[PDB]
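For reference, the structure discussed in these notes is given below.
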Amino acid sequence: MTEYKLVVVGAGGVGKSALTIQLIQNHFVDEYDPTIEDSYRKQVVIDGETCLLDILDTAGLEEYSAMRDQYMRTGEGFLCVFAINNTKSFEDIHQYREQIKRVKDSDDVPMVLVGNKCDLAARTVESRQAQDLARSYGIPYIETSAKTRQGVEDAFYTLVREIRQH
Ligand SMILES: Nc1nc2c(ncn2[C@@H]2O[C@H](COP(=O)(O)OP(=O)(O)NP(=O)(O)O)[C@@H](O)[C@H]2O)c(=O)[nH]1
Ligand SMILES: [Ca+2]
Ligand SMILES: [Ca+2]
Ligand SMILES: [Ca+2]
Ligand SMILES: [Mg+2]
Ligand SMILES: [Mg+2]
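Everything in the sequence shown is counted per the deposited numbering, starting at 1 for the first residue and increasing by one.
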């Protein structure tokens with residue numbers, strides 16, 4: 001069957017692991033344990049297609065920034081995550097995109113921009129600001145909450161639908 005190699009990237013603490021774990025394991029991780037690099041694999045049906053999601057959950061802490069080159073090489077699509085209550089994490093997105101662009105030698109890499117923690121009201125990134133960033137990259141913007149499950153499946157399935165357009 002078709003395997004989709006997804007890679008989740010973004011600054012530390014934005015909810016990359018919580019999003020991935022909610023998708024794959026259907027619970028919310030409340031505590032914060034920083035990730036080095038973890039892999040999840042699950043068979044799912046997306047738009048009638050039985051397929052395998054292979055998801056790489058990467059480190060946001062800059063201590064592990066040297067590992068980015070490797071994982072950006074193997075990935076077929078990238079979930080670029082920031083948190084809507086973390087302006088710096090939104091600003092950081094360009095550096096993740098620019099590296100993906102450089103490593104893939106393409107500005108048509110399948111990606112989705114994800115604004116996580118949308119259950120929180122301490123919003124400093126307005127939806128329209130993120131819509132505009134995603135538009136500049138030619139990709140969709142989706143808001144999610146790993147806590148409530150809002151948008152979680154949608155974000156990952158949307159990334160699969162972007163890979164299929166490549
Ligand atoms: N309210 C709320 N908290 C969230 C959400 N997603 C993650 N968190 C919280 O934010 C913290 C960091 O989440 P985590 O998934 O570990 O972040 P990360 O992006 O994987 N971090 P790292 O890059 O260091 O591995 C955790 O306490 C987690 O419960 C969300 O959608 N809503
Ligand atoms: Ca494949
Ligand atoms: Ca929990
Ligand atoms: Ca692009
Ligand atoms: Mg993590
Ligand atoms: Mg503002």
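The C-beta atom is built at its ideal place from N, Cα and C for all residues, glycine as well.
Under the 10 Å beta carbon count, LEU120 is surrounded by fewer than 16 other beta carbons and is classified as exposed. DSSP places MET111 in the strand class (E or B) of the three-state scheme. Only residues of its own chain outside the window of five on either side were considered, and among them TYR4, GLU76, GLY77, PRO110 have a CB closer than 7 Å to the CB of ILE163, listed in chain order.
Those residues having their beta-carbon less than 6 Å away from any non-hydrogen atom of ligand 3 are, in chain order, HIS27, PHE28, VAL29, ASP30.
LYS117 sits buried, since 16 or more C-beta atoms from the chains shown fall within 10 Å of its C-beta.
C-alpha of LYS101 to C-alpha of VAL29: approximately 31 Å in a straight line.
In the displayed model, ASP47 falls within coil according to three-state DSSP, outside both helix and strand. Annotation for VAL109 indicates a beta carbon within 7 Å of some heavy atom of ligand 4. Straight-line measurement puts the Cα of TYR141 at about 8 Å from the Cα of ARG135.
For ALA83, the beta-bridge partners assigned by DSSP are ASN116. Scanning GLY48, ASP105, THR144, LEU6 for the CA closest to the CA of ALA83 turns up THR144. The continuous alpha helix (DSSP H) containing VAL152 extends over residues 152-163. The DSSP-derived three-state label of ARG123 is coil.
Those residues that have a beta carbon less than 7 Å away from any non-hydrogen atom of ligand 2 are, in order along the chain, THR2, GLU3, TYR4, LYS5, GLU76. Counting C-beta pairs with one atom in each stretch, the segment 10-17 and the segment 30-44 have three or more that are closer than 8 Å, which means they touch.
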